[PDB]
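Just one chain follows, in the form deposited without the named molecule, and it is written as structure tokens.
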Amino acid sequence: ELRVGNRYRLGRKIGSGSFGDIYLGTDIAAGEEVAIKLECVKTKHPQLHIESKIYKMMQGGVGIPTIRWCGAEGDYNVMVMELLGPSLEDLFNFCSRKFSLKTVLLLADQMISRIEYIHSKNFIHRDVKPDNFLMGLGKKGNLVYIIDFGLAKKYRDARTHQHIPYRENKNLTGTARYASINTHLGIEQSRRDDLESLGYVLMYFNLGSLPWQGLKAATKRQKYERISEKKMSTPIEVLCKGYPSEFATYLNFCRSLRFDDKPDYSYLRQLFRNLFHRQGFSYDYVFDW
């Protein structure tokens, strides 16, 4: 029977990450279910062992999945991880693509925290999006995890904290729907851009849809140019009309951060915590689902 690491029975495909497909797995020794990411050993741009080293630098951080085993076998580099619960995109679909304000605010607090923690370990994520956050299991069911470090990179030197240099005219790789404006302009990404994408994720949870989502084109890049100029031609005040102003204040703050600015995470988290208490919700971690 098909086994990787001579211990993890391979199951159906359960998604597709960056530079690699994800499979359900079973630990035959424990009976525990796992996630298995595969990368063809003979790729010209190998990544999986880099991503697993980053996962190893990130361990201990709250909401970071554990790495069970990493190796090579057959046609694949193999990375085995802790299996988590549904993704935030899955759960958004589960709730008929509408979240309560309270759930948006509970998620926003935890997602800023995940991102700040990655930043404190000298890395930016660069693919902030609903599929890349997953809820925990059982006793960790109220905890938001961040996954997929296949596009992560150092934004600063690990000993001097010297920030990476500013660059322009980059053909960048991301998720078009959630990318920040600066990425659409070819600018080197940095801490500001993770939090800007979170802000679009928040408005996505709020609306069901984004104004630049579901556009018609033929070619791929000309579908990307249409997303880029609809996103840019949509003022934050018009995207966030009818909603509490904290979502616009959030997005406005992120676009006015400079390339190498350290974000004031505590300010942003406080924006949403203040509205949460003004609304009279209680931080009892009860999400919509």
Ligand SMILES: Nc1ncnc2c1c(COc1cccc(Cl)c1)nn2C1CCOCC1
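When you see a residue number, it is the position in the sequence shown, counting from 1. Definition used throughout: the rigid core is the maximal C-alpha set that superposes within 1.5 Å between two forms.
Omitted here: the form deposited with the named molecule bound. The next part is about that form.
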query: The unique member of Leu105, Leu195, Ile124, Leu134 whose heavy atoms fall within 4.5 Å of the named molecule in the entry with it bound; finding: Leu134
query: Residue among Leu83, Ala176, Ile164, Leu207 with a heavy atom within 4.5 Å of the named molecule in the entry with it bound; finding: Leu83
query: Stretch in contact, per heavy atom within 4.5 angstroms of the named molecule in the entry with it bound, of 256-264, 242-250, 49-57, 216-224; finding: 49-57
query: Close approach of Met111 to the named molecule in the entry with it bound, 4.5 Å, heavy atom; finding: no
query: Contact flag, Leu202 vs the named molecule in the entry with it bound, heavy atom cut 4.5 Å; finding: no
query: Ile115 within 4.5 Å of the named molecule in the entry with it bound, heavy atoms; finding: no
query: Contact flag, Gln270 vs the named molecule in the entry with it bound, heavy atom cut 4.5 Å; finding: no
query: Residue showing a 2 Å-or-more C-alpha displacement between the shown form and the other one once the rigid core is overlaid, selected from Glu225, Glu33, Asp261, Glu237; finding: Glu33
query: Did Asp157 shift 2 Å or more between the shown form and the other one, C-alpha, core superposed; finding: no
query: Per-residue C-alpha change between the shown form and the other one, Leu101, threshold 2 Å, rigid core fit; finding: no
query: Threshold 2 Å Cα movement between the shown form and the other one for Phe276, core superposed; finding: no
